Amino acid sequence: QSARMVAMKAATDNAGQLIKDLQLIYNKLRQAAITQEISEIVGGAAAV
Amino acid sequence: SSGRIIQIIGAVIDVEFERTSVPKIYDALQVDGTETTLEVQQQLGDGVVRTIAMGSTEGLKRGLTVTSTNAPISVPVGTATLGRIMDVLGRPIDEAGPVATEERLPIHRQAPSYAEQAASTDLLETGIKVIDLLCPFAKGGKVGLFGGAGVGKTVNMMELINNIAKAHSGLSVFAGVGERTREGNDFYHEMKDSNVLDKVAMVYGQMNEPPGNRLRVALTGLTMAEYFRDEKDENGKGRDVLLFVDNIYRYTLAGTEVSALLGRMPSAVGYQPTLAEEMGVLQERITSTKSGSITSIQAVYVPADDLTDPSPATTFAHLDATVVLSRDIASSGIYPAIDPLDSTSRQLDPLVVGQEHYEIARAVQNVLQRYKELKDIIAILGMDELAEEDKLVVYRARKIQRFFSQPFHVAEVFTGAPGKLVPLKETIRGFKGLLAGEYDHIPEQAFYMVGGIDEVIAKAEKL
Amino acid sequence: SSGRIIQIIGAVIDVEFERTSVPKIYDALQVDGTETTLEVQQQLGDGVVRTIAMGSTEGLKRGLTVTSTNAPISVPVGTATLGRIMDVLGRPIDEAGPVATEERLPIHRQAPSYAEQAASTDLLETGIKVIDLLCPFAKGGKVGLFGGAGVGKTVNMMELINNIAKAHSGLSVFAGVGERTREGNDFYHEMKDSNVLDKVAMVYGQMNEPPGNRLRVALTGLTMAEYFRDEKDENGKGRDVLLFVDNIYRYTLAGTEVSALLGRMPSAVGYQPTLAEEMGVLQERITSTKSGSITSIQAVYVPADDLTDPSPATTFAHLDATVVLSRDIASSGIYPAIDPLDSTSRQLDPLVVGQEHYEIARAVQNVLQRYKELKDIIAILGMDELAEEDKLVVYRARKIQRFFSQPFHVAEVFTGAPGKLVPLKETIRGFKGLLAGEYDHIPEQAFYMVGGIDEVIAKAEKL
Amino acid sequence: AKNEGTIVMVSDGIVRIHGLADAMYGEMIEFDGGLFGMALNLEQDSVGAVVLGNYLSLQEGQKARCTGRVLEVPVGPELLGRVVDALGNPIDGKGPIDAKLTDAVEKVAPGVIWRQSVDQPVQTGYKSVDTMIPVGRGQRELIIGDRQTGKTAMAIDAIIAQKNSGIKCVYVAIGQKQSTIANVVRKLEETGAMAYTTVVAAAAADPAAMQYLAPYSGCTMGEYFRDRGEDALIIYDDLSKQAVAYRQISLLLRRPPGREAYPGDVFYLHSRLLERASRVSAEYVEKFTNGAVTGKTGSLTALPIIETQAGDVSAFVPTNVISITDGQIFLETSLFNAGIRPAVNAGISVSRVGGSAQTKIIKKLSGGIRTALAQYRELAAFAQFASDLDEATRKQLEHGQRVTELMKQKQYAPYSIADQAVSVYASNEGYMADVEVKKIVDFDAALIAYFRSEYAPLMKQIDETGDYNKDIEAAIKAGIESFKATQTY
Amino acid sequence: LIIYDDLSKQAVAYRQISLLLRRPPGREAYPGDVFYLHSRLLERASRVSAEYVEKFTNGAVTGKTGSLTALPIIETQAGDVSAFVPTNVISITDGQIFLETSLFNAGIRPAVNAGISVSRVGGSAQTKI
Amino acid sequence: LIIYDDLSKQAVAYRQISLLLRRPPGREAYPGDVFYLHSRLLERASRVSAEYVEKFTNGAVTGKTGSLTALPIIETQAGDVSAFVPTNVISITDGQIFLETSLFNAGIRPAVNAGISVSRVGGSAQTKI
Ligand SMILES: Nc1ncnc2c1ncn2[C@@H]1O[C@H](COP(=O)(O)OP(=O)(O)OP(=O)(O)O)[C@@H](O)[C@H]1O
Ligand SMILES: Nc1ncnc2c1ncn2[C@@H]1O[C@H](COP(=O)(O)OP(=O)(O)O)[C@@H](O)[C@H]1O
Ligand SMILES: [Mg+2]
Ligand SMILES: [Mg+2]
């Protein structure tokens with residue numbers, strides 16, 4: 001009965017690291033998307 | 001030698017002058033018959049100038065006559081501005097009479113050169129025990145304030161103003177960039193409730209103002225602080241001045257809004273192309289010279305909880321220290337609520353502060369971190385597993401946590417406690433003695449709400 | 001007659017002629033009193049053409065005079081170019097006098113038709129384990145290497161040249177497009193130290209040159225290779241040709257740098273609207289016809305480690321064998337860092353390489369894919385809960401990716417270890433033994449940086 | 001009127017002139033108030049020029065004049081020990097400079113046949129850089145990392161370490177506050193390194209044109225010694241600020257952007273500058289100086305600095321610059337905050353010149369250390385989900401830990417060739433296998449001190465020559481054994 | 001007391017009008033003064049002092065203080081609390097009340113998400129009980 | 001039975017031609033009428049009745065029907081089927097056959113993914129057995 005809790009605490013730490021990395025990737029993608037949309041809008045505006 | 005309006009689009013106004021009377025960049029113009037000031041932004045040719053209106057533009061029309069001042073926006077400076085409230089143009093809005101002084105200073109000026117820099121990096125003493133030991137300040141630096149409402153920010157501002165006026169005989173300037181009117185009125189009456197109003201000047205810029213006003217309101221406070229710093233008493237000592245900026249993020253937002261209004265191609269994540277240059281030109285006039293020194297404290301808000309965003313990164317390019325307030329500390333009644341483990345300063349370095357100061361700070365941080373680690377085992381697996389040096393660390397960490405609170409000078413009217421202004425030399429002695437284990441028998445409650453180590457001794461001998 | 005310059009913006013210049021002497025689209029012009037050559041790009045009407053300079057435009061003014069030549073850029077060809085170094089215009093830059101031929105060929109020409117196409121029907125060995133096993137080459141085909149910055153494109157190219165071109169019986173052409181000058185000098189002195197300088201020709205335009213030189217530098221080497229391909233001897237057959245191109249991506253980058261100044265509208269992520277057409281125009285010339293064959297190797301740059309970017313994605317469809325390098329493998333100390341789950345070749349079918357080779361490759365790829373699948377559950381959870389077959393798969397896959405490393409001859413300076421060459425029979429033997437399960441007791445450290453399986457056995461025993 | 005004109009438009013530091021018919025590309029133009037500009041666009045009926053200074057004193061209707069000369073700055077040995085701005089004007093208050101020459105700012109690097117391979121080492125004083133990422137005369141090496149990771153400290157230590165080798169140094173500051181520049185100048189002056197160093201400053205309040213033009217002026221100043229057979233070394237601080245300023249100028253010129261709003265030719269801007277650092281041969285030197293100097297080779301070393309966001313080395317500009325230089329040093333925040341300083345990432349950092357840019361003893365001793373460190377890092381990362389560990393894995397892990405702890409240094413504390421050689425020999429032969437992990441630094445310091453105390457002639461001989469022999473190796477082994485037997489740490 | 005049905009539709013109409021009037025677009029084609037559009041509307045909800053009322057009415061009303069309260073409403077899509085107009089609005093108000101679809105679909109009638117809903121004014125706007 | 005090997009390259013060529021003629025671009029710089037371009041081509045494949053054949057041939061052909069089947073090919077970027085061009089073709093056509101890289105590398109050949117592959121005609125186009 002004394003090893004299950006070790007297993008769960010290790011799993012929780014790994015999940016925290018995972019969500020940290022995923023948040024970094026998400027922020028990068030969000031900035032890229034905003035930049036692309038703004039560039040597309042400006043390009044469409046200039047062509048008229 | 002007069003011009004007239006030829007085009008109005010929103011808050012952008014074009015004025016045409018005569019070919020041998022065209023004004024220069026950043027000059028201020030006056031519309032004849034109204035009360036509106038136009039600031040030049042760029043020239044276009046054939047005597048046409050594109051400007052920005054300070055205020056609302058309802059009721060204007062083409063063909064109105066305008067005359068030039070041949071100078072930038074000049075605001076009144078001196079000691080008569082202490083305790084008053086003014087707008088971006090230097091006009092009273094508190095219904096207390098006109099400003100008495102006649103001296104004026106332009107709000108646009110070059111930063112001091114490389115030859116005028118100070119020859120050392122001194123420290124700014126605050127009197128707060130937690131700040132002076134773990135995140136020490138520095139003359140001419142910039143400090144960012146974190147944490148939202150509910151933990152105490154305005155009170156810290158009061159205490160800093162009062163202590164800097166008391167110890168170093170300095171003054172203060174407060175500039176509000178995009179402030180709520182309700183919270184601003186509450187803050188003004190909060191200062192008036194105490195006796196701090198007579199040692200600080202205000203310039204207010206609110207959210208419902210045109211974006212031009214929210215952009216040129218920090219320069220007025222900067223000019224006032226510059227005049228306060230430059231003037232000298234006998235022997236030419238100079239003065240130390242504190243500048244308060246309501247939110248630099250709203251300064252950036254006003255900058256990009258004005259850039260979008262002028263019609264410039266955006267860069268990176270929607271921001272204006274001239275972000276870093278604008279923020280540097282704002283922060284390059286805040287420095288420590290031979291005569292005096294201007295120090296600034298600004299509130300920082302991280303958009304989208306992402307530090308990689310362009311504006312927080314450009315902010316962090318200049319900050320020498322960051323202070324973060326946590327709600328968990330305030331939940332335990334320890335005030336001021338400043339987290340020791342997350343506040344950082346570039347001055348905490350053995351070269352700058354010395355050997356013993358750095359070592360004491362590092363040891364305190366290590367003890368606090370180890371206590372935080374042992375909290376989980378204490379809570380989950382029970383108390384019995386922890387003894388000897390674990391409980392020694394627990395007791396020392398609890399005593400350290402209690403010892404970080406102190407009464408303030410501005411709260412003496414409410415609770416009656418006069419408050420204390422602990423000098424830096426006293427804190428190091430107390431913490432070094434605590435770490436060595438000399439006070440291992442004193443109860444925890446003796447470290448509560450006390451100024452210095454002698455007060456702890458007195459409380460322990462009473463309790 | 002002659003025209004005069006009316007406008008210059010960066011590398012783009014336009015000239016105004018009379019209505020009866022406008023040059024053709026791809027003509028060459030010379031600026032009087034200067035060593036500057038211009039190539040026409042567009043005809044804008046009213047006797048105005050838009051050109052691109054083949055050099056620096058400093059010291060150029062409006063109103064100069066320009067004379068036409070009524071011909072495209074012509075370069076020397078033949079055996080007189082062997083052992084010499086030339087620039088984009090075909091001028092010697094090796095300080096060894098002029099080129100001793102008279103034949104000239106234009107650098108612009110149409111691609112071979114559909115009827116004059118041949119089929120490659122010969123394998124070609126290299127001595128590299130991973131390439132031989134999983135991406136075989138074909139005599140007369142096209143090869144491309146894909147990778148980011150600092151992953152090993154140049155080292156692999158040099159090793160391929162060392163293994164193949166040295167034992168060759170024919171001619172060679174090397175073209176440098178936007179690379180380092182130090183690498184070019186090193187390669188020239190390496191070839192001159194040995195006695196293979198009489199079989200190669202070199203054209204160099206590097207990253208320090210204006211975009212005009214970098215735009216058209218590949219066409220010169222392509223023209224030389226084309227002339228060498230369609231060359232016959234009286235009672236003598238033709239000769240096989242090897243062609244090496246360095247960073248063909250710089251050609252498209254230089255095309256991008258001048259698109260806006262030519263008056264076009266951008267597409268995708270800031271790219272020119274004619275990317276695919278101008279890539280294909282160049283790519284369709286590098287081919288083998290009924291009369292003569294060409295074997296080519298190209299290096300393709302991947303911007304920002306993004307294989308989805310339009311340039312590599314467009315390039316992918318013009319090659320027969322594709323080798324992809326990954327930074328994740330390189331950062332783990334495994335060289336060459338070739339990704340085995342993204343490298344393909346048209347020769348990998350059982351009718352060409354035989355049954356056994358195909359089965360070995362398929363089994364290896366299947367094992368690697370299964371391990372990549374299991375990685376996540378291995379990571380977040382433990383390893384005990386896995387099935388025994390999964391543990392065997394993990395160990396076998398780790399040993400397999402260890403066994404794909406090999407010490408090169410040209411990498412002796414970096415590591416200090418001598419190079420190794422492995423025939424593909426030993427590779428097939430070792431991989432079949434590994435997949436069978438004969439080496440399940442060998443530690444995975446013995447598979448790192450060795451040659452055949454015999455070296456693995458010796459290194460394991462010595463351990 | 002062929003060399004006269006009038007200002008027509010003024011906006012954001014860019015002006016429009018009408019009348020300069022006989023104007024060249026890149027020519028210098030002087031205004032009425034004593035300011036200077038540079039022509040960029042020779043339109044059909046107008047000229048576009050950027051202002052090299054403060055443009056707030058310019059109004060439509062003023063006068064403009066062509067000077068007939070391209071941008072140039074003073075050069076010579078008189079600039080050593082001074083502090084100047086991007087145009088060479090002094091800002092330290094010590095008086096005017098009396099340089100005897102000028103030199104154009106925009107040039108083209110020497111060709112393929114005029115160069116020579118790099119074979120002469122350059123010492124930075126760091127134990128990890130010297131034995132893992134060697135630097136040679138003529139090489140270009142990149143320092144990349146996040147903010148507050150210790151890049152300027154490495155650059156200043158590299159400058160300081162050249163006290164005896166007799167090579168000249170240049171420091172360029174772009175987009176920095178004045179106080180930091182003053183502090184750096186003070187620290188350089190105290191140690192005496194200011195006797196052979198020049199400083200070019202473009203502060204954060206300066207116009208974007210000067211921040212975009214300063215590195216070219218610095219490189220032009222540094223090329224004086226290369227062309228005359230001597231050696232130099234140049235450092236570019238915050239090369240990303242130059243890209244930011246160029247992006248601002250281009251965007252204010254309304255030009256279509258690419259990735260991250262950067263211009264199309266952002267690669268050319270850096271490739272044109274970083275290609276000028278090289279090593280030239282004796283023939284080039286003789287031709288340049290008309291036989292005044294013979295039998296001598298020149299060189300110019302570069303150490304650009306670039307900052308990343310959240311340790312993302314896969315961004316547009318970091319990868320654009322990595323593909324130009326001959327290697328890179330990567331500094332990671334995770335190791336820095338954990339107490340590993342300097343925080344050099346062994347798996348990412350690489351050098352392209354290799355073992356030919358270091359002395360014989362260091363080249364022989366330090367072979368395959370970086371790849372082994374990367375393999376250990378990967379194995380340690382993987383070995384968290386297992387408990388049954390074989391002997392080879394345990395030995396590899398415990399050797400990697402010791403190797404990692406060995407490469408730890410303090411700033412303002414250079415190392416010599418002999419110290420690195422003896423430490424590397426001690427690590428390579430397994431003399432630290434029985435040493436506890438947390439006493440490695442004390443062991444290294446005590447070994448160095450005792451070896452210097454008792455074996456001075458051997459250390460001196462290794463320092464001057466840096467050669468390897470059998471008797472030298474035997475003496476090193478005997479000294480290590482003698483220290484292990486008697487001395488205590 | 002005034003209720004603003006949905007300010008997002010107002011923002012959408014403002015964007016359409018601005019685009020039709022060929023003003024330079026910003027993020028998501030919004031003009032440069034959307035924050036100026038919302039903040040200046042929300043700043044007119046206030047409580048004024050008795051002296052202001054006395055001045056306005058020329059002494060007709062002596063000891064009374066006026067007031068005006070607003071209850072703006074903003075809609076989200078799967079909890080996107082980081083878009084442009086919603087963040088602009090959230091920066092201005094003095095509190096927030098969060099309602100999620102996973103609560104109404106589950107069967108919670110109030111469906112108030114107490115986790116991230118706070119009031120800045122607090123206990124001063126309540127009675128003793 | 002007709003087969004187009006890449007409609008993406010046709011779309012790219014059309015985009016180049018449209019951009020060179022200075023027409024206003026949209027998402028991913030494609031013109032406004034790419035959907036029209038693909039739809040007015042893919043709508044020409046169908047089955048006709050016997051009366052249509054009789055009328056077209058003026059009685060030459062009496063009792064037979066005609067048909068024309070189409071098999072277009074579309075290539076995605078890293079399995080992103082939410083791009084501008086593939087969505088239009090997916091909406092236009094009846095069924096789709098999806099091929100996956102992970103299945104191909106795992107030995108499943110052909111790499112048909114039965115989870116998201118449909119045929120709207122269904123069993124009406126099959127033999128009895
Ligand atoms: N080897 C070292 N050991 C310990 N501390 C060090 C070492 N090297 C540098 N530091 C300290 O770490 C900090 C890094 O400052 P530094 O100016 O070198 O960083 P940076 O990367 O240039 O930062 P910035 O982004 O402000 O330019 C300084 O306080 C410096 O004294
Ligand atoms: N087989 C190898 N052994 C050791 N080091 C290698 C090997 N292949 C590449 N490298 C290292 O990778 C770096 C990149 O090599 P190179 O191909 O010249 O650059 P790029 O990949 O940018 O063209 C080199 O500096 C070299 O040290
Ligand atoms: Mg490369
Ligand atoms: Mg620095």
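Here, residue 1 is simply the first one shown, and the rest follow in order.
For this deposited structure, the header notes the method as electron microscopy, 3.0 Å.
Backbone N, Cα and C atoms are what each Cβ position is placed from, and that goes for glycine too.
So that you can see what the record holds, here are the features copied from Swiss-Prot:
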- C:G147, C:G148, C:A149, C:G150, C:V151, C:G152, C:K153, C:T154: ATP binding site (BINDING)
Cβ-based neighbourhood (8 Å from the centroid) of the ATP site, residues C:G147, C:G148, C:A149, C:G150, C:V151, C:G152, C:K153, C:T154 excluded: C:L325, C:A330
C:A149, C:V151 as binding-site residues, winner by CB count within 10 A: C:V151
Neighbourhood of C:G147 (ATP binding site) by C-beta distance under 8 A, where only residues 6 or more apart in the same chain count: C:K153, C:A299, C:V300, C:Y301, C:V302, C:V324, C:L325, C:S326
Sequence-ordered binding-site residues from C:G148, C:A149, C:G150, C:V151, C:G152, C:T154 with Cβ under 6 Å of an atom of ligand 2: C:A149, C:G150, C:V151, C:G152, C:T154
All-chain count of other Cβ atoms within 10 Å of C:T154 (ATP binding site): 20
Those binding-site residues in C:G148, C:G152, C:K153 whose CB falls under 6 A of ligand 3, listed in sequence order: C:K153
Intrachain C-beta neighbours of C:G152 (ATP binding site), sequence separation six or more, cut-off 8 angstroms: C:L325, C:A330, C:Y335, C:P336, C:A337
Local Cβ density at C:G148 (ATP binding site) - other Cβ atoms counted within 10 Å: 23
Protein Cβ atoms within 10 Å of C:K153 (ATP binding site), excluding its own: 23
Against chain D, in sequence order - binding-site residues C:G147, C:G150, C:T154 with Cβ under 8 Å: C:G150
Cβ packing number for C:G150 (ATP binding site), 10 Å threshold: 20
